[PDB]
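Here is the structure we will look at.
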Amino acid sequence: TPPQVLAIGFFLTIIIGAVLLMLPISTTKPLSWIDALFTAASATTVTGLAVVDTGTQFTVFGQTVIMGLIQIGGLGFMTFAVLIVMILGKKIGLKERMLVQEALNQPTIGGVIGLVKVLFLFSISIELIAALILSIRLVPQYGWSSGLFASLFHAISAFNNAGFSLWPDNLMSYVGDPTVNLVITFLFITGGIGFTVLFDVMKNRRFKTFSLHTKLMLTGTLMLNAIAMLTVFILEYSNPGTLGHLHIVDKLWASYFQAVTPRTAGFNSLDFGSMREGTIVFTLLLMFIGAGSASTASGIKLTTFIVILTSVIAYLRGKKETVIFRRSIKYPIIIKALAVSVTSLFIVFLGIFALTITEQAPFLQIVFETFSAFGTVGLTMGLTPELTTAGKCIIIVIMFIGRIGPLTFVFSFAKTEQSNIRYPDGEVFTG
Amino acid sequence: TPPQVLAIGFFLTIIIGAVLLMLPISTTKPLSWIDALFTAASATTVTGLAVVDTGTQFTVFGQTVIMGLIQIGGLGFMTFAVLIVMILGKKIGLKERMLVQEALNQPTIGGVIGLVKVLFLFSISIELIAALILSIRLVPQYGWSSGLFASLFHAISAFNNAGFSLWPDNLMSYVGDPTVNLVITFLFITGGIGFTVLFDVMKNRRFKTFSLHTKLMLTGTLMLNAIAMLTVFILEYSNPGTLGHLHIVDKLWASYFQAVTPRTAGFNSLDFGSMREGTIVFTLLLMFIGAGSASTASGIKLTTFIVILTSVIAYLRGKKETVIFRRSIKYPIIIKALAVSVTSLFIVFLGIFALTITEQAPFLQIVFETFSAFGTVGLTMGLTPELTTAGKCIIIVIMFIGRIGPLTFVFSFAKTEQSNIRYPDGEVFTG
Amino acid sequence: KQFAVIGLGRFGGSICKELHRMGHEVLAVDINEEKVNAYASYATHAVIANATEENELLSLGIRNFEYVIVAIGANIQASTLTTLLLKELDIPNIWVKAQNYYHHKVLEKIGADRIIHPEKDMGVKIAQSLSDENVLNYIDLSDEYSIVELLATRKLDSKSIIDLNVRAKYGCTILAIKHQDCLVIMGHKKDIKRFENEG
Amino acid sequence: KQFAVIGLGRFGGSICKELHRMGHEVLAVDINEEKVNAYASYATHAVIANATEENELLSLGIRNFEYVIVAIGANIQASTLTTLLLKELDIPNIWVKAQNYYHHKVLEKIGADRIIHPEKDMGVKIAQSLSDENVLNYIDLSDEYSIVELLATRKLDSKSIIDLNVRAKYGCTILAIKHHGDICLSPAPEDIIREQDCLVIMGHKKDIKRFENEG
Amino acid sequence: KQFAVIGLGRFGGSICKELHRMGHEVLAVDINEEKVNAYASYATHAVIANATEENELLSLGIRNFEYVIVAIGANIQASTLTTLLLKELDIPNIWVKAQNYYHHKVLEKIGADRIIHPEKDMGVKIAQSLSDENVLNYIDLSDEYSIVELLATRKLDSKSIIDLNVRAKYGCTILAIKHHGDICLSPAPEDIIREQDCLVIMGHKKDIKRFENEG
Ligand SMILES: Nc1ncnc2c1ncn2[C@@H]1O[C@H](COP(=O)(O)OP(=O)(O)OP(=O)(O)O)[C@@H](O)[C@H]1O
Ligand SMILES: Nc1ncnc2c1ncn2[C@@H]1O[C@H](COP(=O)(O)OP(=O)(O)OP(=O)(O)O)[C@@H](O)[C@H]1O
Ligand SMILES: Nc1ncnc2c1ncn2[C@@H]1O[C@H](COP(=O)(O)OP(=O)(O)OP(=O)(O)O)[C@@H](O)[C@H]1O
Ligand SMILES: [K+]
Ligand SMILES: [K+]
Ligand code: NA
């Protein structure tokens with residue numbers, strides 16, 4: 001039932017938010033029932049896949065519904081539900097505390113309610129400050145009415161790993177601007193690093209006192225962003241469409257930006273449709289991996305990837321246990337990481353299979369779109385405006401399972417029968 | 001060192017075959033040093049990827065070298081090494097018996113030499129019988145010098161899951177032919193099912209007396225080939241390029257042939273380049289799975305797929321152990337399987353990444369080429385003749401690792417560091 | 001018919017192997033992991049379960065078995081708790097192996113359909129062969145008449161059946177001869193002993 | 001310096017916490033899984049290993065440590081076998097915790113650099129406080145000279161330093177006088193002793209006992 | 001020659017290390033995981049198995065070994081059931097380490113090709129060295145004849161071979177003289193016997209006793 005409440009509550013926010021976009025106030029142009037359902041699902045799953053341009057199709061009131069759906073969907077459904085109950089004064093019971101444990105994927109119920117106090121207070125604080133930092137740049141270019149709203153929309157969009165942009169070019173006009181680059185890359189790196197990581201970073205100011213998870217995320221993000229920045233710069237250095245007609249200073253900005261955006265924001269500074277096939281392949285591995293076990297990002301998390309990678313290498317070297325940072329890792333941690341990875345690959349395989357039946361599109365665009373939808377990144381090669389009505393319905397199901405997590409979606413409708421009986425061992429050869 | 005001997009011995013047969021194919025006697029046309037090495041490596045790794053046509057480029061002696069490479073690499077390097085030792089009368093020691101246990105992927109050394117006598121006797125028995133059955137059809141069409149040789153070449157090629165064919169159209173002139181379809185599909189199904197599965201059915205004639213591995217392979221092969229037959233027939237029923245201008249009887253034969261040939265024979269009745277993208281995507285999953293741990297096929301095996309799939313499904317159902325056919329499957333089985341599947345996906349991903357850098361080709365053909373080379377299937381969408389000198393070197397590496405196995409290739413250069421020390425448990429969130 | 005044998009000891013392990021030899025569906029339950037692994041090949045279904053728990057007993061589908069044999073005869077707590085559960089699950093036929101006279105009396109109260117003493121029935125059968133070495137096997141039709149498979153002594157060699165007056169003098173009916181040759185006889189318990197003494 | 005503590009008992013676990021408090025690299029080796037999980041956070045590196053085995057000892061890089069403290073003092077076999085390994089590995093300082101007189105003599109033969117009796121040393125210090133309740137803590141400079149932190153009684157209340165004849169009659173020097181959380185190093189004549197205060201004194205061992213009985 | 005050693009104790013582990021040193025294919029079987037990991041480097045292949053079970057015995061590949069050594073000598077049940085399976089498997093040579101006299105009687109019945117008493121045979125050899133301090137090592141050719149490696153006393157110092165009338169008086173022939181670490185096979189008359197040099201002397205079992213006593 002704790003996975004059932006999350007699944008029901010997440011879907012209802014799509015349906016409730018879809019009606020708010022269908023109103024004539026929300027949009028300038030008529031909006032289809034599937035485009036409104038896609039944009040509602042692309043916001044509460046915090047993906048950023050846009051059938052129609054967000055700035056032009058929607059009015060100010062329509063974009064205010066977007067910010068509400070991004071904020072509610074970015075921090076999780078049960079995160080705001082805790083605040084509502086505490087405000088009204090209802091007691092947070094043990095039954096209500098088990099939902100919060102399931103929502104943050106915590107193994108322990110100790111201090112899980114206090115983390116919601118910490119994480120919501122930090123989230124509203126950082127989105128407010130980052131808007132002020134972006135206010136010094138977006139206000140002289142768009143006035144006070146639009147510049148203040150442009151900075152406020154993007155601070156909520158960037159921190160929650162959304163990638164929605166009001167402008168027709170999603171951050172392609174600010175390739176070389178350090179103010180837009182540094183502040184936004186600060187938001188989705190810190191917003192996707194993990195809520196428990198940020199709590200562990202602030203309360204202990206020394207690296208030796210960090211938990212194993214906190215040390216994994218700080219080292220894992222730094223290692224992965226370094227390899228990704230080196231790969232995009234080397235592969236796309238001589239490409240004419242992207243990173244070719246740019247200065248060496250602006251080459252390093254777009255290479256830095258395109259390396260951190262697939263995990264899992266979905267902003268861009270170069271056109272992904274003109275990238276080489278070699279760089280797109282590495283982006284798929286990049287955006288199949290997420291960032292942070294409990295954050296605003298999705299996909300299989302970085303700690304899941306490190307656990308499986310280190311467990312395989314330990315086996316290949318003959319070691320009998322998985323050791324990261326001089327810490328052994330138990331069998332329940334390994335099996336949950338492989339259950340996430342195998343379930344995610346099967347669902348991505350179903351999404352790629354079902355789209356090739358439906359869409360008449362190049363294969364690399366279909367593969368790039370399904371990893372982007374399941375990982376809730378939102379990067380495109382030019383397929384989302386070209387989807388059919390049946391093709392869009394597949395992406396909505398993919399984005400739903402991708403944000404909610406493959407395991408929690410399965411636990412909703414999978415019977416949990418406990419049998420204490422055991423069986424004799426059978427030998428099978430698994431070469 | 002048992003895995004180090006296999007890698008060195010398997011590499012020497014590539015060198016020996018490349019020398020024999022590059023002699024002026026064994027070919028009718030000039031041959032490059034890479035194309036001779038590619039053809040030799042595609043034969044001992046038993047893949048069937050042909051840069052050049054076998055029928056025209058090579059003489060009768062050259063095709064006799066190919067049959068030698070297919071038979072040696074199909075049954076394994078160490079299988080013939082033991083028979084040479086037994087023919088010379090030399091005793092089989094414990095050290096020489098450990099090499100056979102490694103090559104056949106057996107867990108114990110109990111009766112590992114008696115299995116070699118059975119599998120060699122069964123191989124030449126069924127290759128001789130099937131060559132006679134193919135002769136009653138091939139000889140009236142191509143005479144006695146060519147009809148008897150072509151039947152002999154294909155019976156050896158089919159049994160060892162090679163896919164080499166003398167004709168320029170690889171079995172595309174026998175789409176509706178029941179004699180060729182029945183005999184050849186009977187060969188690579190039994191030739192790739194596993195040497196231990198055949199040994200178990202030969203000595204035990206009742207299904208309840210079979211082991212878990214034998215029941216996994218017999219039931220798994222029946223179910224997997226039935227689902228693949230249903231998928232090909234439904235998706236390709238309206239396709240104009242393949243399966244469209246055919247009779248209903250021929251549609252059943254071609255769908256049945258293409259259901260079983262990706263695991264891992266690589267023969268064909270229809271052009272895979274004119275198939276839809278939906279059938280190619282399902283074939284990619286099909287040829288990532290092989291058949292039989294000790295067989296002539298490659299890829300991750302059918303038992304590895306079922307062990308991983310049941311381990312996840314039991315976890316998602318809340319069960320505490322993996323049970324197939326009322327038998328518990330221990331943790332050491334689950335861990336090897338995971339390594340075989342994770343290492344194989346990493347090598348396939350590196351191949352697709354390296355081919356996209358090198359080759360200028362559609363992305364669907366690059367992914368199809370790497371899965372076909374790693375699983376040693378040999379099916380092409382039309383890329384192998386168009387590969388470059390740098391591209392063929394990558395495919396040679398992929399075919400080599402695919403046949404010998406990712407585990408035994410890593411164990412060649414991975415120093416098994418033994419230590420009895422342990423570490424305190426670590427808590428990392430892998431949700 | 002489907003049979004369940006709970007407890008794979010020397011007694012229960014024999015019933016699993018014998019019923020599997022005759023071609024029957026046998027469920028073999030034992031709390032010991034190494035016992036179930038040995039008898040896994042000798043049973044249609046073998047489970048490592050504790051049968052004193054009702055939750056584990058319902059997991060096996062124990063209600064589908066007409067005959068359940070509880071071959072636990074050294075743990076009275078495990079044996080009586082098991083046959084109380086099976087009586088609750090409405091098993092038509094529960095056959096229990098007892099340990100002593102008091103274990104027989106508990107199981108008779110809590111509803112055992114048949115209570116078996118394997119070592120006590122064999123020990124009395126062995127001690128009858130120890131006391132008189134002429135006998136080899138016997139079956140008690142009643143408390144006073146038995147079909148004793150006697151062994152012919154040296155004085156019975158080269159003696160015809162018509163020479164023997166067992167029909168009238170001893171009142172014993174010879175049934176079969178298995179060529180010292182086995183001599184199957186039937187008569188009163190006191191009457192057979194007369195033929196053994198006088199040859 | 002790099003320290004290794006082998007055996008996380010009450011004695012071994014206290015050295016791990018204290019050296020980690022002062023900021024030192026400490027390796028905590030124990031054969032018990034539960035002990036290592038307790039001191040994993042109180043040590044730079046914590047390993048679950050058997051120290052009587054050479055293969056497990058060489059895996060830790062135990063040759064990189066200047067000091068090894070073998071805090072196994074109830075298993076004589078495990079304690080003596082460990083320091084025989086460490087002596088073979090040319091460890092500069094091997095400090096071993098002993099159990100009885102005979103365990104001390106085995107470790108002396110096989111080359112223990114320093115042998116420690118934690119409970120025997122603390123038992124003697126406690127038994128000096130039980131015999132004489134006026135003493136609180138003491139340290140033996142030699143077999144006849146000691147620094148004793150005494151406890152002031154009622155007869156020493158309202159008395160000055162010059163009034164006390166410790167320097168001349170007893171031949172003992174008063175070192176410091178604690179006064180309710182306030183300490184007076186090297187008092188000058190004259191300071192008034194309170195009711196119950198520390199009376200840190202230095203002198204001959206027998207001369208202090210005469211001072212306690214008389215005053 | 002292929003060897004399998006079942007039970008890696010002090011006796012079984014010594015056969016594995018000595019046969020592997022000579023360059024023989026040794027399979028080391030044990031039931032203890034620590035023992036198997038210890039002898040992975042001293043055996044061609046080391047397997048964890050329980051030899052009393054026949055299914056685990058055929059997995060090892062036990063029918064391929066000409067010599068099997070069952071070096072279990074503390075469990076009579078485990079030793080006798082192992083050599084019962086191996087005898088039933090038509091193993092040609094089974095060498096079993098026994099414990100007591102009744103264990104020797106069981107193995108003789110169930111077909112052990114050779115039964116070994118390592119500690120009993122060494123205890124008899126040691127008790128000859130305790131009883132007679134002159135002897136160092138001896139070999140019983142029979143029950144009445146032996147080759148004894150004696151040790152030179154003070155009265156044998158500066159004595160030539162022909163001076164010692166051992167050949168006539170005792171009827172014992174001196175075989176070799178371990179001179180100061182260098183042997184002298186078949187010494188010729190005469191060689192000077194030093195203070196402490198081994199005198200390998202062959203004779204009757206009673207006669208060498210006279211030579212030891214009379215010096
Ligand atoms: N609660 C239980 N459920 C199932 N099996 C059990 C239970 N308790 C014990 N057993 C198993 O039952 C088997 C037979 O029981 P036990 O050994 O106590 O009987 P026994 O009197 O020695 O019988 P036998 O002479 O046939 O060996 C044993 O293998 C034991 O592990
Ligand atoms: N061979 C060994 N290697 C490593 N640690 C060991 C070994 N043997 C024992 N230990 C551990 O050393 C610690 C201290 O040993 P032990 O408890 O025997 O000594 P002790 O005299 O009782 O010590 P203390 O008074 O400090 O508790 C224990 O935690 C014990 O588990
Ligand atoms: N059933 C068995 N199968 C295989 N190995 C066994 C079995 N039982 C015991 N062993 C192993 O045999 C080895 C030697 O046996 P054990 O210690 O009982 O004999 P022992 O006479 O004391 O030997 P030794 O004095 O030479 O060490 C041990 O390492 C033990 O673990
Ligand atoms: K996103
Ligand atoms: K092939
Ligand atoms: Na019994």
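To be explicit about the labels: the chains of the structure tokens are called A, B, and onward in the order shown, and within each one the residues are counted from 1, while ligands get numbers from 1 in the order they are shown.
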
Please identify the residues whose atoms come within 9 Å of ligand 6, using only C-alpha atoms and all ligand atoms, and report them as a compact mmCIF listing (two decimals) with C-alpha atoms, in the first residue's frame.
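The resulting file, out.txt, is shown below:
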```txt
# COMPACT_ATOMS: atom_id res chain seq x y z
CA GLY C 9 14.34 -40.72 8.50
CA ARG C 10 15.14 -44.38 8.13
CA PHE C 11 11.39 -45.08 8.13
CA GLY C 73 8.93 -40.94 16.01
CA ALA C 74 11.59 -39.41 18.24
CA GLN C 99 7.80 -43.78 19.88
CA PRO C 118 8.17 -50.10 13.05
CA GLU C 119 10.94 -51.11 15.46
```

Find the spatial neighbours of residue 19 in chain E, counting only C-alpha atoms, within a cut-off of 12 Å - ignore same-chain residues fewer than 3 positions away - and output them as a list in words. residues 1, 2, 3, 4, 5, 12, 13, 14, 15, 16, 22, 23, 24, 25, 26, 27, 28, 42, 43, 44, 67 and 69 of chain E

Output file for the residues above (N, CA, C and O atoms, as a PDB file, in the first residue's frame):
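Below is the file that was written, out.pdb:
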```pdb
ATOM      1  N   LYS E   1      51.855 -40.729 -12.618  1.00  0.00           N
ATOM      2  CA  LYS E   1      51.259 -41.044 -11.326  1.00  0.00           C
ATOM      3  C   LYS E   1      50.404 -39.897 -10.811  1.00  0.00           C
ATOM      4  O   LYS E   1      50.871 -38.766 -10.691  1.00  0.00           O
ATOM      5  N   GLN E   2      49.150 -40.205 -10.502  1.00  0.00           N
ATOM      6  CA  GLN E   2      48.200 -39.243  -9.966  1.00  0.00           C
ATOM      7  C   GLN E   2      47.868 -39.622  -8.534  1.00  0.00           C
ATOM      8  O   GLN E   2      47.563 -40.783  -8.252  1.00  0.00           O
ATOM      9  N   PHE E   3      47.926 -38.643  -7.637  1.00  0.00           N
ATOM     10  CA  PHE E   3      47.709 -38.858  -6.217  1.00  0.00           C
ATOM     11  C   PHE E   3      46.552 -38.003  -5.730  1.00  0.00           C
ATOM     12  O   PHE E   3      46.391 -36.859  -6.157  1.00  0.00           O
ATOM     13  N   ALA E   4      45.746 -38.568  -4.843  1.00  0.00           N
ATOM     14  CA  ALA E   4      44.703 -37.837  -4.144  1.00  0.00           C
ATOM     15  C   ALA E   4      44.905 -38.030  -2.653  1.00  0.00           C
ATOM     16  O   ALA E   4      45.069 -39.161  -2.191  1.00  0.00           O
ATOM     17  N   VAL E   5      44.907 -36.934  -1.905  1.00  0.00           N
ATOM     18  CA  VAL E   5      45.068 -36.972  -0.458  1.00  0.00           C
ATOM     19  C   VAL E   5      43.785 -36.454   0.162  1.00  0.00           C
ATOM     20  O   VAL E   5      43.406 -35.300  -0.058  1.00  0.00           O
ATOM     21  N   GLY E  12      48.437 -35.579   6.454  1.00  0.00           N
ATOM     22  CA  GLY E  12      47.999 -35.460   5.074  1.00  0.00           C
ATOM     23  C   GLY E  12      48.564 -34.244   4.372  1.00  0.00           C
ATOM     24  O   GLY E  12      48.872 -34.292   3.181  1.00  0.00           O
ATOM     25  N   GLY E  13      48.697 -33.133   5.093  1.00  0.00           N
ATOM     26  CA  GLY E  13      49.265 -31.942   4.496  1.00  0.00           C
ATOM     27  C   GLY E  13      50.743 -32.071   4.204  1.00  0.00           C
ATOM     28  O   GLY E  13      51.273 -31.348   3.363  1.00  0.00           O
ATOM     29  N   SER E  14      51.429 -32.979   4.896  1.00  0.00           N
ATOM     30  CA  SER E  14      52.842 -33.201   4.616  1.00  0.00           C
ATOM     31  C   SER E  14      53.047 -34.021   3.352  1.00  0.00           C
ATOM     32  O   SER E  14      54.050 -33.843   2.655  1.00  0.00           O
ATOM     33  N   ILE E  15      52.130 -34.942   3.057  1.00  0.00           N
ATOM     34  CA  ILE E  15      52.221 -35.729   1.833  1.00  0.00           C
ATOM     35  C   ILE E  15      51.908 -34.865   0.620  1.00  0.00           C
ATOM     36  O   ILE E  15      52.502 -35.035  -0.449  1.00  0.00           O
ATOM     37  N   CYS E  16      50.961 -33.935   0.759  1.00  0.00           N
ATOM     38  CA  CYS E  16      50.652 -33.017  -0.333  1.00  0.00           C
ATOM     39  C   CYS E  16      51.839 -32.125  -0.669  1.00  0.00           C
ATOM     40  O   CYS E  16      52.129 -31.887  -1.844  1.00  0.00           O
ATOM     41  N   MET E  22      58.208 -32.743  -5.383  1.00  0.00           N
ATOM     42  CA  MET E  22      58.826 -33.640  -6.350  1.00  0.00           C
ATOM     43  C   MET E  22      58.255 -33.488  -7.752  1.00  0.00           C
ATOM     44  O   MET E  22      58.821 -34.046  -8.697  1.00  0.00           O
ATOM     45  N   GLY E  23      57.154 -32.760  -7.909  1.00  0.00           N
ATOM     46  CA  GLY E  23      56.574 -32.532  -9.215  1.00  0.00           C
ATOM     47  C   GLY E  23      55.537 -33.563  -9.606  1.00  0.00           C
ATOM     48  O   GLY E  23      55.547 -34.061 -10.734  1.00  0.00           O
ATOM     49  N   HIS E  24      54.632 -33.887  -8.686  1.00  0.00           N
ATOM     50  CA  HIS E  24      53.580 -34.858  -8.935  1.00  0.00           C
ATOM     51  C   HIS E  24      52.230 -34.158  -8.901  1.00  0.00           C
ATOM     52  O   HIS E  24      52.076 -33.105  -8.280  1.00  0.00           O
ATOM     53  N   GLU E  25      51.257 -34.750  -9.588  1.00  0.00           N
ATOM     54  CA  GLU E  25      49.906 -34.203  -9.640  1.00  0.00           C
ATOM     55  C   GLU E  25      49.141 -34.674  -8.413  1.00  0.00           C
ATOM     56  O   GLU E  25      48.738 -35.836  -8.336  1.00  0.00           O
ATOM     57  N   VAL E  26      48.928 -33.773  -7.458  1.00  0.00           N
ATOM     58  CA  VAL E  26      48.266 -34.094  -6.202  1.00  0.00           C
ATOM     59  C   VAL E  26      46.922 -33.386  -6.170  1.00  0.00           C
ATOM     60  O   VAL E  26      46.846 -32.176  -6.400  1.00  0.00           O
ATOM     61  N   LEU E  27      45.869 -34.139  -5.890  1.00  0.00           N
ATOM     62  CA  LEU E  27      44.560 -33.578  -5.597  1.00  0.00           C
ATOM     63  C   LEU E  27      44.378 -33.582  -4.087  1.00  0.00           C
ATOM     64  O   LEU E  27      44.434 -34.640  -3.457  1.00  0.00           O
ATOM     65  N   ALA E  28      44.164 -32.408  -3.513  1.00  0.00           N
ATOM     66  CA  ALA E  28      43.989 -32.263  -2.077  1.00  0.00           C
ATOM     67  C   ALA E  28      42.507 -32.113  -1.774  1.00  0.00           C
ATOM     68  O   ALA E  28      41.874 -31.156  -2.221  1.00  0.00           O
ATOM     69  N   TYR E  42      50.132 -25.548  -2.558  1.00  0.00           N
ATOM     70  CA  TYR E  42      50.949 -26.741  -2.393  1.00  0.00           C
ATOM     71  C   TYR E  42      50.324 -27.974  -3.023  1.00  0.00           C
ATOM     72  O   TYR E  42      50.779 -29.088  -2.757  1.00  0.00           O
ATOM     73  N   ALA E  43      49.287 -27.807  -3.834  1.00  0.00           N
ATOM     74  CA  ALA E  43      48.651 -28.920  -4.516  1.00  0.00           C
ATOM     75  C   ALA E  43      48.263 -28.485  -5.917  1.00  0.00           C
ATOM     76  O   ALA E  43      48.068 -27.297  -6.182  1.00  0.00           O
ATOM     77  N   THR E  44      48.170 -29.462  -6.820  1.00  0.00           N
ATOM     78  CA  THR E  44      47.733 -29.168  -8.180  1.00  0.00           C
ATOM     79  C   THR E  44      46.294 -28.671  -8.195  1.00  0.00           C
ATOM     80  O   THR E  44      45.977 -27.684  -8.867  1.00  0.00           O
ATOM     81  N   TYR E  67      46.776 -43.788  -6.790  1.00  0.00           N
ATOM     82  CA  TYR E  67      47.031 -43.800  -5.357  1.00  0.00           C
ATOM     83  C   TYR E  67      46.092 -42.817  -4.679  1.00  0.00           C
ATOM     84  O   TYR E  67      46.004 -41.658  -5.088  1.00  0.00           O
ATOM     85  N   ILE E  69      45.309 -41.539  -0.664  1.00  0.00           N
ATOM     86  CA  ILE E  69      45.759 -41.565   0.721  1.00  0.00           C
ATOM     87  C   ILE E  69      44.661 -40.955   1.577  1.00  0.00           C
ATOM     88  O   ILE E  69      44.374 -39.759   1.468  1.00  0.00           O
TER      89      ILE E  69
END
```

Expected answer as an MDAnalysis selection string: residues within 7 Å of ligand 1, only C-alpha atoms and all ligand atoms: chainID C and resid 6:12 29:32 35 49:52 71:75 78 99

If you count only C-alpha atoms, which residues fall within 10 Å of residue 87 in chain C, apart from same-chain ones fewer than 3 positions away, as JSON, numbers by chain? {"C": [82, 83, 84, 90, 91, 92, 93, 94, 110, 111, 112, 113]}

Output C-alpha atoms for every residue in that selection, as a PDB file, in the first residue's frame.
```
ATOM      1  CA  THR C  82       1.786 -32.109  13.163  1.00  0.00           C
ATOM      2  CA  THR C  83      -1.063 -34.619  13.373  1.00  0.00           C
ATOM      3  CA  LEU C  84      -3.266 -32.124  15.193  1.00  0.00           C
ATOM      4  CA  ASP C  90      -9.487 -32.528   7.345  1.00  0.00           C
ATOM      5  CA  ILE C  91      -6.981 -35.043   5.983  1.00  0.00           C
ATOM      6  CA  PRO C  92      -8.841 -38.340   5.388  1.00  0.00           C
ATOM      7  CA  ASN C  93      -5.936 -40.619   6.384  1.00  0.00           C
ATOM      8  CA  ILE C  94      -3.154 -39.688   8.808  1.00  0.00           C
ATOM      9  CA  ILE C 110      -5.848 -36.334  18.834  1.00  0.00           C
ATOM     10  CA  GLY C 111      -7.140 -38.339  15.894  1.00  0.00           C
ATOM     11  CA  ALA C 112      -4.561 -40.531  14.169  1.00  0.00           C
ATOM     12  CA  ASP C 113      -6.135 -42.980  11.739  1.00  0.00           C
TER      13      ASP C 113
END
```

Name each residue within 10 Å of ligand 4, counting only C-alpha atoms and all ligand atoms, as number ranges by chain. A: 42-43, 45-49, 70, 74, 157-158, 160-164, 188, 261-267, 296-298, 372-373, 375-379, 403

Contacts with ligand 2 at most 6 Å, only C-alpha atoms and all ligand atoms counted, listed as a ChimeraX atom specification: /D:6-12,30-32,50-52,71-75,78

With chain B as the partner and 6 Å as the cut-off, tabulate the residues of chain A that qualify, each row holding the nearest pair of atoms and their distance in Å to one decimal, using only C-alpha atoms, sorted by chain and rising number, as JSON lines.
```
{"residue": "A:213", "atom": "CA", "partner": "B:428", "partner_atom": "CA", "distance": 4.8}
{"residue": "A:277", "atom": "CA", "partner": "B:356", "partner_atom": "CA", "distance": 5.9}
{"residue": "A:278", "atom": "CA", "partner": "B:356", "partner_atom": "CA", "distance": 5.0}
{"residue": "A:293", "atom": "CA", "partner": "B:431", "partner_atom": "CA", "distance": 5.6}
{"residue": "A:303", "atom": "CA", "partner": "B:430", "partner_atom": "CA", "distance": 5.6}
{"residue": "A:304", "atom": "CA", "partner": "B:430", "partner_atom": "CA", "distance": 4.7}
{"residue": "A:312", "atom": "CA", "partner": "B:339", "partner_atom": "CA", "distance": 5.5}
{"residue": "A:317", "atom": "CA", "partner": "B:416", "partner_atom": "CA", "distance": 5.0}
{"residue": "A:318", "atom": "CA", "partner": "B:416", "partner_atom": "CA", "distance": 4.9}
{"residue": "A:327", "atom": "CA", "partner": "B:426", "partner_atom": "CA", "distance": 5.3}
{"residue": "A:328", "atom": "CA", "partner": "B:425", "partner_atom": "CA", "distance": 4.6}
{"residue": "A:329", "atom": "CA", "partner": "B:426", "partner_atom": "CA", "distance": 5.1}
{"residue": "A:337", "atom": "CA", "partner": "B:430", "partner_atom": "CA", "distance": 5.4}
{"residue": "A:339", "atom": "CA", "partner": "B:312", "partner_atom": "CA", "distance": 5.5}
{"residue": "A:356", "atom": "CA", "partner": "B:278", "partner_atom": "CA", "distance": 5.4}
{"residue": "A:357", "atom": "CA", "partner": "B:278", "partner_atom": "CA", "distance": 5.5}
{"residue": "A:414", "atom": "CA", "partner": "B:317", "partner_atom": "CA", "distance": 5.8}
{"residue": "A:415", "atom": "CA", "partner": "B:317", "partner_atom": "CA", "distance": 5.8}
{"residue": "A:416", "atom": "CA", "partner": "B:318", "partner_atom": "CA", "distance": 5.2}
{"residue": "A:423", "atom": "CA", "partner": "B:328", "partner_atom": "CA", "distance": 5.1}
{"residue": "A:424", "atom": "CA", "partner": "B:327", "partner_atom": "CA", "distance": 5.4}
{"residue": "A:425", "atom": "CA", "partner": "B:328", "partner_atom": "CA", "distance": 4.6}
{"residue": "A:426", "atom": "CA", "partner": "B:327", "partner_atom": "CA", "distance": 5.1}
{"residue": "A:428", "atom": "CA", "partner": "B:213", "partner_atom": "CA", "distance": 4.8}
{"residue": "A:430", "atom": "CA", "partner": "B:304", "partner_atom": "CA", "distance": 4.8}
{"residue": "A:431", "atom": "CA", "partner": "B:293", "partner_atom": "CA", "distance": 4.9}
```

Residues within 8 Å of residue 39 in chain A, please, as a list in words. Count only C-alpha atoms; anything in the same chain fewer than 6 positions from it doesn't count.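 Neighbouring residues, sequence-local ones excluded: residues 18, 49, 50 and 51 of chain A.
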